[PDB]
Structure formats: C-alpha cells, structure tokens
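Enquirer: This is the structure I want to talk about, given as structure tokens.
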Amino acid sequence: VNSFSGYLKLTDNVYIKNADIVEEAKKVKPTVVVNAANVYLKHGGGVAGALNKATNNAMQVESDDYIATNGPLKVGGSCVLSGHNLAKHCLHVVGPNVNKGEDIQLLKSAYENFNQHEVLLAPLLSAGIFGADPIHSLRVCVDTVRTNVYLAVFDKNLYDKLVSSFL
Ligand SMILES: Nc1n[nH]c2ccccc12
C-alpha cells in the first residue's frame, strides 16, 4: 500500500491523475519525483521550471554544481539529485525535445531510467514544451516502465483525452 490517492489504474504498474505535480509532490513526499529535465539541468519552464520554483531555486543551485562537476547529461539519460522540499530524491530525466529536432526513439531510453526506482511520481516525458505527442509518451511509458509509476497531468483536457484514447 502507498500514499497516492485518486489515480485511475491503467495497467498492473501505471496509474494516472489530473494533478499539478508540484502540489502532488508537496502532499505525498514521494521517495522519487521525476523532473522533465534538459541536458544542462536549466530548469526554466514547463515541469522543470515549476518544480524548481517550488524549491525556491535550490534545485537550480544544486543542478549548477552537478553540471560544473560532471558536464551535461545525455538525451535519454538521467541523474539522481535531492528532492528538496518535494520528495526524498529527484530523478532528472531528459526526454528528447522535438522543438530541438531530437530523435523520438530516445523516449524509450528516457523511460528506462524509471526502472531503477520501485515507485515514482512523474510527468509524461517529452510532453508539454518538449513537443512530443502525449498519447505516444503514455504508450511508451506503459510499454517500457515495469516499476510503479504515478503519472500527474495538470491539463484536465489532456488528461481526459489520454484516458479516453488509452488502449
Ligand atoms: N503535469 C504537470 N504538473 N505540474 C506541471 C507544471 C508544468 C507543466 C506540467 C505540469
């Protein structure tokens, strides 16, 4: 049993809810929240900007030190950093950004990072300002992630379309 409430069950291991991931993290304090990161961990907008704002910029400060030491992530890659006030850990995952011309086949590699964690609160990778089709992102998630994933989708219209169209 876990703390996650109000989710629709899509599969054995994937759950979905219309929710602001920031407000959900604040309520649950999950072991892992996933950030929709870029390779530079520059948390300007989208999910990353919202998560970072909720940490009062502490996520960005920590991320800048990580990049100064390690250099950029790979598209499809990830790193584990602090969850600050939102979670124990933040898994920063880089999905391909279609608005930069990145290979959508890297979306499966991105979701494979989730399998290193037994339970996660996450957004749909490569959705929103990363430009991919969220219906496709949900299909790759279900067909790739084997651990227990709680997906938070703030847009209500999109949430209803994802559920209604789910095979
Ligand atoms: N699914 C989401 N929860 N919170 C967000 C903030 C920005 C973009 C997407 C989300």
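Starting from 1 in every chain, residues are counted up; chains themselves are A, B, ... following the order of the structure tokens, and ligands are numbered from 1 as listed.
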Which residues of chain A sit at most 12 Å from ligand 1, using only C-alpha atoms and all ligand atoms? Give each one's shortest atom pair and distance in Å (one decimal place), in chain and ascending residue order, as a tab-separated table.

Expert:
```
residue	atom	partner	partner_atom_place_in_ligand_line	distance
A:16	CA	ligand 1	1 (N)	10.3
A:17	CA	ligand 1	1 (N)	9.1
A:18	CA	ligand 1	1 (N)	7.6
A:19	CA	ligand 1	3 (N)	6.0
A:20	CA	ligand 1	3 (N)	3.6
A:21	CA	ligand 1	3 (N)	3.7
A:22	CA	ligand 1	4 (N)	5.6
A:23	CA	ligand 1	4 (N)	7.7
A:24	CA	ligand 1	3 (N)	8.2
A:25	CA	ligand 1	3 (N)	9.6
A:26	CA	ligand 1	4 (N)	11.5
A:33	CA	ligand 1	3 (N)	11.1
A:34	CA	ligand 1	3 (N)	10.7
A:35	CA	ligand 1	10 (C)	9.9
A:36	CA	ligand 1	9 (C)	8.9
A:37	CA	ligand 1	8 (C)	11.8
A:43	CA	ligand 1	7 (C)	11.2
A:44	CA	ligand 1	7 (C)	10.7
A:45	CA	ligand 1	7 (C)	7.3
A:46	CA	ligand 1	7 (C)	4.3
A:47	CA	ligand 1	7 (C)	3.8
A:48	CA	ligand 1	7 (C)	7.3
A:49	CA	ligand 1	7 (C)	7.3
A:50	CA	ligand 1	6 (C)	5.3
A:51	CA	ligand 1	6 (C)	7.4
A:52	CA	ligand 1	6 (C)	10.4
A:53	CA	ligand 1	6 (C)	10.4
A:54	CA	ligand 1	6 (C)	10.5
A:121	CA	ligand 1	3 (N)	10.3
A:122	CA	ligand 1	1 (N)	8.0
A:123	CA	ligand 1	1 (N)	5.2
A:124	CA	ligand 1	1 (N)	7.3
A:125	CA	ligand 1	1 (N)	9.9
A:126	CA	ligand 1	9 (C)	10.7
A:127	CA	ligand 1	9 (C)	8.3
A:128	CA	ligand 1	8 (C)	6.5
A:129	CA	ligand 1	8 (C)	8.2
A:130	CA	ligand 1	8 (C)	10.4
A:134	CA	ligand 1	1 (N)	10.9
A:150	CA	ligand 1	1 (N)	11.1
A:151	CA	ligand 1	1 (N)	7.8
A:152	CA	ligand 1	1 (N)	4.9
A:153	CA	ligand 1	1 (N)	3.6
A:154	CA	ligand 1	1 (N)	4.2
A:155	CA	ligand 1	1 (N)	6.9
A:156	CA	ligand 1	1 (N)	9.7
A:157	CA	ligand 1	1 (N)	11.9
A:158	CA	ligand 1	1 (N)	9.9
A:159	CA	ligand 1	1 (N)	9.4
```

Enquirer: Which parts of chain A does DSSP call alpha helix (DSSP H) when run on the backbone here, written out as a VMD selection string?

Expert: chain A and resid 21 to 28 46 to 54 58 to 70 106 to 112 134 to 144 156 to 164

Enquirer: Using only C-alpha atoms, which residues sit within 12 Å of segment 10-13 of chain A once same-chain residues fewer than 4 positions away are excluded, as a short mmCIF file (atom, residue, chain, number, x, y, z; two decimals) with N, CA, C and O atoms, in the first residue's frame?

Expert:
```cif
data_model
loop_
_atom_site.label_atom_id
_atom_site.label_comp_id
_atom_site.auth_asym_id
_atom_site.auth_seq_id
_atom_site.Cartn_x
_atom_site.Cartn_y
_atom_site.Cartn_z
N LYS A 17 -3.38 10.57 -13.03
CA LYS A 17 -4.27 11.52 -12.33
C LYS A 17 -4.15 12.88 -12.98
O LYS A 17 -3.03 13.27 -13.41
N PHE A 114 13.33 5.01 -15.35
CA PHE A 114 12.36 4.82 -14.26
C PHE A 114 12.49 3.43 -13.61
O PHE A 114 12.10 3.25 -12.48
N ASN A 115 12.98 2.45 -14.38
CA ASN A 115 13.03 1.06 -13.90
C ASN A 115 14.04 0.90 -12.79
O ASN A 115 14.05 -0.16 -12.13
N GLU A 118 11.67 1.78 -7.52
CA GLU A 118 10.49 0.91 -7.34
C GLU A 118 9.17 1.67 -7.52
O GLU A 118 8.18 1.08 -7.99
N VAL A 119 9.13 2.92 -7.07
CA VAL A 119 7.93 3.77 -7.14
C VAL A 119 8.33 5.19 -7.51
O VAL A 119 9.28 5.72 -6.91
N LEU A 120 7.59 5.82 -8.39
CA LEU A 120 7.91 7.21 -8.82
C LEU A 120 6.64 7.99 -9.04
O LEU A 120 5.65 7.43 -9.58
N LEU A 138 2.57 8.36 -23.33
CA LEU A 138 1.91 7.42 -22.41
C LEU A 138 2.06 5.99 -22.92
O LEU A 138 2.32 5.08 -22.10
N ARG A 139 1.95 5.75 -24.22
CA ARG A 139 2.12 4.39 -24.75
C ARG A 139 3.54 3.89 -24.46
O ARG A 139 3.74 2.75 -24.00
N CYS A 141 5.56 4.88 -22.14
CA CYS A 141 5.65 4.68 -20.68
C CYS A 141 5.12 3.29 -20.33
O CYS A 141 5.79 2.49 -19.65
N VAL A 142 3.90 2.98 -20.74
CA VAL A 142 3.28 1.70 -20.38
C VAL A 142 4.08 0.54 -20.92
O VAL A 142 4.13 -0.51 -20.25
N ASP A 143 4.63 0.67 -22.10
CA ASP A 143 5.37 -0.43 -22.71
C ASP A 143 6.84 -0.50 -22.27
O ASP A 143 7.54 -1.42 -22.72
N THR A 144 7.32 0.40 -21.45
CA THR A 144 8.75 0.45 -21.05
C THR A 144 8.93 0.33 -19.55
O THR A 144 9.84 -0.38 -19.11
N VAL A 145 8.15 1.07 -18.77
CA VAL A 145 8.31 1.11 -17.32
C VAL A 145 7.66 -0.13 -16.74
O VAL A 145 6.48 -0.43 -17.04
N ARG A 146 8.40 -0.83 -15.92
CA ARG A 146 7.91 -2.03 -15.20
C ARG A 146 7.72 -1.74 -13.72
O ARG A 146 7.00 -2.53 -13.02
N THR A 147 8.32 -0.70 -13.18
CA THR A 147 8.13 -0.30 -11.78
C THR A 147 6.85 0.53 -11.67
O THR A 147 6.15 0.77 -12.65
N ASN A 148 6.50 0.88 -10.47
CA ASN A 148 5.18 1.50 -10.23
C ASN A 148 5.27 3.01 -10.43
O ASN A 148 5.96 3.71 -9.66
N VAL A 149 4.58 3.50 -11.42
CA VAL A 149 4.66 4.91 -11.82
C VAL A 149 3.28 5.56 -11.69
O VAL A 149 2.27 5.02 -12.19
N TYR A 150 3.29 6.70 -11.01
CA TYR A 150 2.11 7.54 -10.78
C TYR A 150 2.29 8.78 -11.64
O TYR A 150 3.17 9.63 -11.32
N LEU A 151 1.53 8.90 -12.70
CA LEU A 151 1.66 10.00 -13.67
C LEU A 151 0.73 11.11 -13.29
O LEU A 151 -0.51 10.91 -13.12
N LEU A 162 -6.20 11.46 -22.80
CA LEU A 162 -5.27 10.30 -22.56
C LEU A 162 -6.07 9.06 -22.07
O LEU A 162 -5.77 7.98 -22.50
N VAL A 163 -6.96 9.29 -21.11
CA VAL A 163 -7.77 8.17 -20.59
C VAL A 163 -8.67 7.60 -21.69
O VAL A 163 -8.69 6.40 -21.92
N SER A 164 -9.40 8.49 -22.37
CA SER A 164 -10.45 8.04 -23.32
C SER A 164 -9.81 7.25 -24.45
O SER A 164 -10.45 6.26 -24.93
N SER A 165 -8.58 7.62 -24.85
CA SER A 165 -7.91 7.04 -26.03
C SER A 165 -7.01 5.87 -25.64
O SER A 165 -6.36 5.31 -26.55
N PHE A 166 -6.92 5.52 -24.35
CA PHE A 166 -5.92 4.52 -23.90
C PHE A 166 -6.35 3.13 -24.32
O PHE A 166 -7.46 2.66 -23.97
N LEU A 167 -5.43 2.39 -24.92
CA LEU A 167 -5.73 1.03 -25.39
C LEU A 167 -5.25 0.08 -24.31
O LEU A 167 -4.06 -0.20 -24.19
#
```

Enquirer: For a quick check of understanding, using only C-alpha atoms, which of A:67, A:59, A:106, A:8 has the smallest distance to residue 81 of chain A?

Expert: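 Closest candidate: A:59.
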
Enquirer: Identify which of the residues A:140, A:80, A:73, A:135 lies closest to residue 42 of chain A, counting only C-alpha atoms when measuring atom-to-atom distances.

Expert: A:73

Enquirer: Distance atom CA of residue 85 of chain A-atom CA of residue 72 of chain A, one decimal place?

Expert: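 Distance reported for this atom pair: 24.4 Å.
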
Enquirer: Which parts of segment 6-59 of chain A does DSSP call strand (DSSP E) when run on the backbone here, written out as a list in words?

Expert: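 After running DSSP on the backbone, segment 6-59 of chain A has strand (DSSP E) at residues 8, 9, 14, 15, 16, 17, 32, 33, 34, 35 and 36 of chain A.
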
Enquirer: Those residues you just picked out, can you put them in a file as a short mmCIF file (atom, residue, chain, number, x, y, z; two decimals), in the first residue's frame with N, CA and C atoms?

Expert:
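Below is the file part-v4.cif, written as the result:
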```
data_model
loop_
_atom_site.label_atom_id
_atom_site.label_comp_id
_atom_site.auth_asym_id
_atom_site.auth_seq_id
_atom_site.Cartn_x
_atom_site.Cartn_y
_atom_site.Cartn_z
N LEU A 8 -6.38 6.86 -11.48
CA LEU A 8 -7.01 5.82 -12.31
C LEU A 8 -5.90 4.82 -12.61
N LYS A 9 -6.20 3.54 -12.53
CA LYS A 9 -5.26 2.46 -12.83
C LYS A 9 -5.30 2.18 -14.30
N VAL A 14 1.01 1.11 -13.90
CA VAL A 14 0.92 2.52 -14.31
C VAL A 14 -0.43 3.08 -13.88
N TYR A 15 -0.37 4.23 -13.24
CA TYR A 15 -1.51 4.96 -12.69
C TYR A 15 -1.48 6.37 -13.22
N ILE A 16 -2.61 7.05 -13.31
CA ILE A 16 -2.66 8.42 -13.90
C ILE A 16 -3.65 9.28 -13.14
N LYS A 17 -3.38 10.57 -13.03
CA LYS A 17 -4.27 11.52 -12.33
C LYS A 17 -4.15 12.88 -12.98
N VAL A 32 10.63 9.36 -4.84
CA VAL A 32 11.17 9.87 -6.12
C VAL A 32 10.11 10.71 -6.83
N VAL A 33 10.47 11.96 -7.15
CA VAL A 33 9.73 12.75 -8.15
C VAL A 33 10.62 12.85 -9.38
N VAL A 34 10.04 12.66 -10.54
CA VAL A 34 10.76 12.82 -11.81
C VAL A 34 10.60 14.25 -12.32
N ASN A 35 11.75 14.83 -12.72
CA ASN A 35 11.76 16.13 -13.42
C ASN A 35 11.92 15.88 -14.92
N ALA A 36 11.21 16.66 -15.69
CA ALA A 36 11.35 16.79 -17.15
C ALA A 36 12.52 17.71 -17.46
#
```

Enquirer: Using only C-alpha atoms, which of the listed residues (A:75, A:137, A:89, A:83) sits closest to residue 101 of chain A?

Expert: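 For residue 101 of chain A, the nearest of the given residues is A:75.
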
Enquirer: Which of these, A:93, A:41, A:87, A:110, has the shortest distance to residue 68 of chain A once you count only C-alpha atoms?

Expert: A:41
